[PDB]
Every structure is written in C-alpha cells, then in structure tokens.
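Take a look at the structure tokens below, where one protein chain is shown in two forms, each on its own, as structure 1 and structure 2.
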Structure 1
C-alpha cells in the first residue's frame, strides 16, 4: 500500500497511490498524518472512495506534513561515520528537525541570502510510526512502523557547526524552514524489499550509494532507544541517517549552488527531486 498527501491547486488530501500518476482520495483526512491517527487507517486506505485524482509530481505534498516529532539520527552508516572522522557508536545520536522544515518531494528549496553559503545534501530513509510507541522493546518495534519514505536531511553546514564552537548542537543547521523534501509517498512494509540501494544525485551525478541494510542501528533498535526517553505518536518520523558522500566531506568540498537539483532514491520506495532556488 502507498499513501500520499496530494495538493490540487493548494488543497491537500490523503490518497491511496494506484499508479505513478493516479490516486484514490481517502475521504475525511487532509493528509496521511491525519489518517494515521485512526487505529483502522489500513482499512480506510483499502476502502478509499473519494475523488479519483490524476496528479503531477509537483502536486505531491510532504507525505506526513505535520508530524509532532521528526527525530533525526546521526552517524548510522559505517562509511559516513569514517568520512566525518568519527568512531562507530555504542549509542544512537539524536537531534530534532521541526516540521516547518518539511517540503513536498518535488518542491523547490527556496533559500534566503543568509542561509545559502554551505548547503549540503543528506539522502536518508524515513520511518513513519503507525501507533503510539512508549517504552517499546526491539522485538515488538516492527508493529509500530506504518511504513517508509525518503527524506533529504537538507543541511546548512555553517549553522550546523556554529554553536558552541567545540561541541556544536546541529539543530539550527538541520531545521531551515521549507528545506527537506519528504516522500514521494509512504510504502507499507508488506510492499517493498527492505535493505535496497540509497542513492543521491546532484545535477545528475551520483554522490551517495549505500544499501539501507548497512544501517548501524535498525529502525527497530531506534524505536526501542527513542521510546525509552519519550513516546512517538502515530505519524511521527524517524530519519535513520545519511550514508557516505556528503558535499561537506568531499575532496574537493562541494555545496549546493543556485538552481542545482538533488534527487534521493531508495529501491522499492521511489524518489524525491528538489531544486535549490536562491531567494529573489
């Protein structure tokens, strides 16, 4: 099952994706997040009976546009850990992206002048929570996963490493409003092969390539760790980390310039494609 948030001329719906450009409206929900608040969301999706829609890629909204929590994971692929001069961790690294950072999977990333100096890509697999998860053990955690999608953890590296200078808190470089493409839609775990290639492209050149089963901490381990600190609600998002090949780590160093496009693709999940636009 594939669930999308679709906006036709500014108006959003929750929709069952039927093909690359057709969907069935699921009545009574503005978006997939609202749907996931219902315990019978799978049933409602299986009985979609609203307007039939034909959609362009730019009409896809952030698949869950208003999660209460987007918990981002740092340093969760060996190759990324190595390139950033770090040790293989004993403990998951967590930091927060506010939902104001989310954009549609094909939306332009409009960057203001003060934020445009060190723009970087981080292609990541997202996990979407299907019901309230509190103090959940790893062995039970898969029950709490509604499905998966793709996100760009779109980064302002100069803000990310600003403060404090010695042990910078990354949050301010990881939550630029309207920066993080999210979709194209949520795939349920019954409907793709977990573990496939995560690939990122800048202006059509492949800059990231790693299988998702090289994750150091599994979605299940991430749910156990996070949920012994605070709960995750239906519709909340875990962003499981980026593999190697980020622009900040490259020889030579490479940042996103005006008009450049970052595509992120995960085998079985589809892709997002976001053009950076420097503000007027």
Structure 2
C-alpha cells in the first residue's frame, strides 16, 4: 500500500496512491502523520472513500510533513565504509533534523545567500514509525515500522563542520529549513523488499549508488538502539544513512549550484527530484 500527503483545495489530505498520478482521499486527516496516530490507520487507508484526485508531482507534500522526531544516522552502508578502508562501526551515529527542513518530494529547495556556499546531496531511505516505540527489542521492532520512503538529507557542509572545529556538531548543517525532499509516498513493508538500488543523480549524472540491503544498522537495530534512549512515536522518522559519492568528498570537490536538480531514487519506493534555487 502507498500513502501520500497531497496538496488540494489550498489545504492537504492523506491519500491512498492508486497510480503514479491518481489517489483516493482518506477523509478526516490532513496528512499521513495524522493518519498514523490512529491504531486502525491500515483499515482507514483500505476504506479511503474521499475525493478521487489526479495529481501533478509538485502537488505531493512531504509524506510525513510534521513528525515530532527525525533521527538521522551517519555511516551505515557496509561496502561504502569498507571501500573507505575503515572498520564497521559498532555504535550508530545519531543527529537530529528538525521537521521545518522537510519539503515536498518535487519542491524547489530555495536557499538564502548565507547558506548557498557548500550545498551537498545525501540520498537516503526513511523509516516511518507506525506506533509508539519505547525500549523495543530488535526481534519485535519490525512491528513498529509503518513503511518506507525516500529523503535527501540536504546538507550545508560549511555549517555542518563549523563548531566546535575539532568535533563539529552536524545538526546546524543538517536542518536548513525547507531543504530536505521527502516522499514521494510511504510504501508499507508488505509492498517493499530490501536489495534494490538507492541512487542519487546530480543534473542527470549518477553520483551515489548502493544496494539497500547493505546496512550496518538495520531499521530494527536502529529502533532498538534509539528507543532505549527516548521513545519514537507514530509518524516519527529514522533516516538510515547515505553511501559514498557526496560532493564534499569528490575530486574535484563539487557542491550544488543555482538551478541544479538532485534526484534520489530507491527501486520499489519511487523517487524525489528537488531543484536548488538561490533566493532572489
């Protein structure tokens, strides 16, 4: 099953995706995040009786536009980490993205002048939580996954490495408002298999590539690890990390310019495509 947040009538709805450009409104919910607060969200999605909508890509909102928590992982692709010639981490790197960073899967990223110097892509899988997860064991954690989507962990590298200089806290380079494409829709775990390619394109050229089943920390492990620190609620998001090929590490070093488009695709989930636009 595929769940979207779609802009219609100057507001938003939660919708069951029926094809690439058709959906059925799920009445009573402004977005997928509100729908996931109901324990019977699957039943409600299966009985979608609201307006039939035919939608353009740019009418898709961020699939979960107002999660309470977006917990982002650092290194997590085993083969990527080994190509770098270092050990597999035994502890997850975690940092926070505020929900204000989220945009529609096809929205322009509009960047103010103070933030436009070192813009970089990070194509990633998002795991969306299905019910309140506190102190969950890895063996039970799949039960807490509503579904999967795609995100660009869109980065301002100069802010990311600013402070403190020896051990910079990445948060301020990872939470630029209206930066992170998120969608195109959530796919439930019965309708997705890991193993497909996650790929990022800059201006149509492939800059990232990895199989999705090469994780160091599985979504289940990340749920166990995180939820022994603080709970995850229904509608919260774990972003499971990016492989190699980020612009910051390329030779020559490559950042996103004015007018340039980053596409992130996960075979089985769909894709997002956000054009960077420098503010007026």
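So that the term is clear: the rigid core is the largest set of C-alpha atoms that superpose within 1.5 Å between two forms. Positions refer to the first chain, counted from 1.
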Fill in: Residue among 83, 197, 108, 158 with C-alpha shift of 2 Å or more between structure 1 and structure 2, core superposed
83
Response to the item:
Expressed in angstrom, the C-alpha movement of residue 11 between structure 1 and structure 2 on a rigid core superposition is 1.4
Worksheet, complete the sentence: Here the CA of residue 183, compared between structure 1 and structure 2 on the core, is shifted in angstrom by 0.1
